[PDB]
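To keep things clear, I will list the structure first and then write my remarks on it.
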Amino acid sequence: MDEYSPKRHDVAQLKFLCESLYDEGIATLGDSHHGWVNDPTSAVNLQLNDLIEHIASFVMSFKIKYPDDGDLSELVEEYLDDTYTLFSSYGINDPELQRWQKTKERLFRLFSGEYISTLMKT
């Protein structure tokens with residue numbers, strides 16, 4: 001049992017990263033700094049841009065320490081993709097946005113106590 005990295009921490013990170021990202025996202029997608037479009041360079045956008053990949057590589061890492069989370073990790077990946085996709089535009093695109101949202105809802109289904117509680121047992 002390669003307990004180099006903490007599973008509860010990495011699992012918690014996974015949700016926190018995704019759920020916090022959702023918050024960073026909403027803050028960004030909701031508050032278009034200039035009233036219409038949002039600047040892709042804004043700290044929020046940059047945060048999310050980082051988040052997207054920072055979580056992406058984390059997801060790849062996540063799946064290294066555990067194989068059965070593939071659905072969760074993939075969902076997370078889907079979320080990162082959508083996040084990147086949205087924020088890649090000056091103005092937020094409703095369809096992709098709502099997709100991003102659909103993706104997180106699913107993610108939260110997992111994070112709200114599917115395998116997590118069993119994963120981070122003791």
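Chains: A, B, ... in order of the structure tokens. Residues: from 1 per chain. Ligands: from 1, in order shown.
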
Near-residue 122 of chain A list (12 Å; only C-alpha atoms; drop same-chain fewer than 6 positions) as a PDB file with N, CA, C and O atoms, in the first residue's frame:
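Saved as result-v2.pdb:
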ATOM      1  N   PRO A   6      -1.599  11.096   0.618  1.00  0.00           N
ATOM      2  CA  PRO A   6      -2.780  10.770   1.414  1.00  0.00           C
ATOM      3  C   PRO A   6      -4.041  10.675   0.548  1.00  0.00           C
ATOM      4  O   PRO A   6      -4.386  11.641  -0.156  1.00  0.00           O
ATOM      5  N   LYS A   7      -4.711   9.518   0.591  1.00  0.00           N
ATOM      6  CA  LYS A   7      -5.920   9.293  -0.220  1.00  0.00           C
ATOM      7  C   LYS A   7      -7.063  10.224   0.199  1.00  0.00           C
ATOM      8  O   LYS A   7      -7.630  10.910  -0.634  1.00  0.00           O
ATOM      9  N   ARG A   8      -7.382  10.286   1.502  1.00  0.00           N
ATOM     10  CA  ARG A   8      -8.435  11.211   1.951  1.00  0.00           C
ATOM     11  C   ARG A   8      -8.135  12.626   1.468  1.00  0.00           C
ATOM     12  O   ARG A   8      -9.022  13.305   0.951  1.00  0.00           O
ATOM     13  N   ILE A 116     -16.747   8.244  -2.271  1.00  0.00           N
ATOM     14  CA  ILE A 116     -15.854   9.045  -1.420  1.00  0.00           C
ATOM     15  C   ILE A 116     -15.802   8.505   0.011  1.00  0.00           C
ATOM     16  O   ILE A 116     -14.736   8.136   0.499  1.00  0.00           O
TER      17      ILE A 116
END

>> as a ChimeraX atom specification, please: every residue in segment 52-107 of chain A that DSSP puts in alpha helix (DSSP H).
In response: /A:52-65,70-87,94-107

>> As an exercise, work out the distance from atom CA of residue 81 of chain A to atom CA of residue 52 of chain A in Å and give it to one decimal place.
In response: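 According to the coordinates, atom CA of residue 81 of chain A and atom CA of residue 52 of chain A are separated by 7.3 Å.
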
> Residues at most 9 Å from segment 102-106 of chain A, counting only C-alpha atoms, excluding those fewer than 5 positions away in the same chain, as a PyMOL selection string?
Replying inline: chain A and resi 18-19+22+72+75-76+78-79+82+97+111

How would the residues just picked look written out with C-alpha atoms as a PDB file, in the first residue's frame?
ATOM      1  CA  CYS A  18     -13.786  20.872  -8.382  1.00  0.00           C
ATOM      2  CA  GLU A  19     -16.285  22.447  -5.999  1.00  0.00           C
ATOM      3  CA  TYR A  22     -17.236  25.777  -9.521  1.00  0.00           C
ATOM      4  CA  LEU A  72     -15.244  10.458 -10.939  1.00  0.00           C
ATOM      5  CA  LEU A  75     -16.195  13.506 -14.809  1.00  0.00           C
ATOM      6  CA  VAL A  76     -13.694  15.860 -13.195  1.00  0.00           C
ATOM      7  CA  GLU A  78     -14.996  16.562 -18.354  1.00  0.00           C
ATOM      8  CA  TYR A  79     -15.528  19.468 -15.929  1.00  0.00           C
ATOM      9  CA  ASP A  82     -15.779  22.472 -20.050  1.00  0.00           C
ATOM     10  CA  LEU A  97     -21.705  26.857 -19.577  1.00  0.00           C
ATOM     11  CA  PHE A 111     -18.523  13.957  -4.317  1.00  0.00           C
TER      12      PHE A 111
END

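Residue nearest residue 118 of chain A, chosen from A:68, A:74, A:27, A:33 and counting only C-alpha atoms: A:68.
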
Find the spatial neighbours of segment 37-48 of chain A, counting only C-alpha atoms, within a cut-off of 7 Å - ignore same-chain residues fewer than 3 positions away - and output them as a PDB file with N, CA and C atoms, in the first residue's frame.
ATOM      1  N   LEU A  21     -13.494  25.250  -7.688  1.00  0.00           N
ATOM      2  CA  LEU A  21     -13.462  25.695  -9.086  1.00  0.00           C
ATOM      3  C   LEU A  21     -14.834  26.162  -9.514  1.00  0.00           C
ATOM      4  N   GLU A  24     -15.155  29.501  -8.066  1.00  0.00           N
ATOM      5  CA  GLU A  24     -14.288  30.414  -8.836  1.00  0.00           C
ATOM      6  C   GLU A  24     -14.950  30.698 -10.191  1.00  0.00           C
ATOM      7  N   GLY A  25     -15.457  29.636 -10.817  1.00  0.00           N
ATOM      8  CA  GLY A  25     -16.123  29.739 -12.087  1.00  0.00           C
ATOM      9  C   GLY A  25     -17.313  30.644 -12.020  1.00  0.00           C
ATOM     10  N   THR A  28     -16.510  34.148 -11.688  1.00  0.00           N
ATOM     11  CA  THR A  28     -15.994  34.634 -12.960  1.00  0.00           C
ATOM     12  C   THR A  28     -17.094  34.715 -14.040  1.00  0.00           C
ATOM     13  N   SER A  32     -18.858  39.388 -15.153  1.00  0.00           N
ATOM     14  CA  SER A  32     -18.086  39.810 -16.301  1.00  0.00           C
ATOM     15  C   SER A  32     -17.484  41.173 -15.961  1.00  0.00           C
ATOM     16  N   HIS A  33     -16.175  41.200 -15.706  1.00  0.00           N
ATOM     17  CA  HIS A  33     -15.477  42.409 -15.207  1.00  0.00           C
ATOM     18  C   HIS A  33     -15.883  43.710 -15.918  1.00  0.00           C
ATOM     19  N   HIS A  34     -16.232  43.640 -17.203  1.00  0.00           N
ATOM     20  CA  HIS A  34     -16.654  44.840 -17.933  1.00  0.00           C
ATOM     21  C   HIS A  34     -18.167  44.877 -18.227  1.00  0.00           C
ATOM     22  N   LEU A  51      -6.330  26.041 -12.318  1.00  0.00           N
ATOM     23  CA  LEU A  51      -7.214  25.030 -11.759  1.00  0.00           C
ATOM     24  C   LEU A  51      -7.444  23.911 -12.750  1.00  0.00           C
ATOM     25  N   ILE A  52      -7.975  24.272 -13.911  1.00  0.00           N
ATOM     26  CA  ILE A  52      -8.276  23.318 -14.981  1.00  0.00           C
ATOM     27  C   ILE A  52      -7.154  22.274 -15.152  1.00  0.00           C
ATOM     28  N   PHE A  87     -14.077  29.487 -20.375  1.00  0.00           N
ATOM     29  CA  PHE A  87     -13.135  30.572 -20.099  1.00  0.00           C
ATOM     30  C   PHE A  87     -12.206  30.894 -21.257  1.00  0.00           C
ATOM     31  N   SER A  88     -12.183  30.045 -22.266  1.00  0.00           N
ATOM     32  CA  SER A  88     -11.411  30.322 -23.454  1.00  0.00           C
ATOM     33  C   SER A  88     -12.081  31.447 -24.298  1.00  0.00           C
ATOM     34  N   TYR A  90     -14.146  35.252 -24.520  1.00  0.00           N
ATOM     35  CA  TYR A  90     -14.261  36.547 -23.822  1.00  0.00           C
ATOM     36  C   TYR A  90     -15.625  36.628 -23.115  1.00  0.00           C
ATOM     37  N   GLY A  91     -16.660  36.124 -23.781  1.00  0.00           N
ATOM     38  CA  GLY A  91     -17.978  36.059 -23.199  1.00  0.00           C
ATOM     39  C   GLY A  91     -18.364  34.616 -22.964  1.00  0.00           C
TER      40      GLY A  91
END

>> Please report the interatomic distance between atom CA of residue 50 of chain A and atom CA of residue 117 of chain A in Å with one decimal.
In response: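 Here the two named atoms are 27.6 Å from each other.
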
> Could you work out how far atom CA of residue 66 of chain A lies from atom CA of residue 99 of chain A, giving the answer in Å with one decimal?
Replying inline: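 If I compute the distance from atom CA of residue 99 of chain A to atom CA of residue 66 of chain A, I get 26.7 Å.
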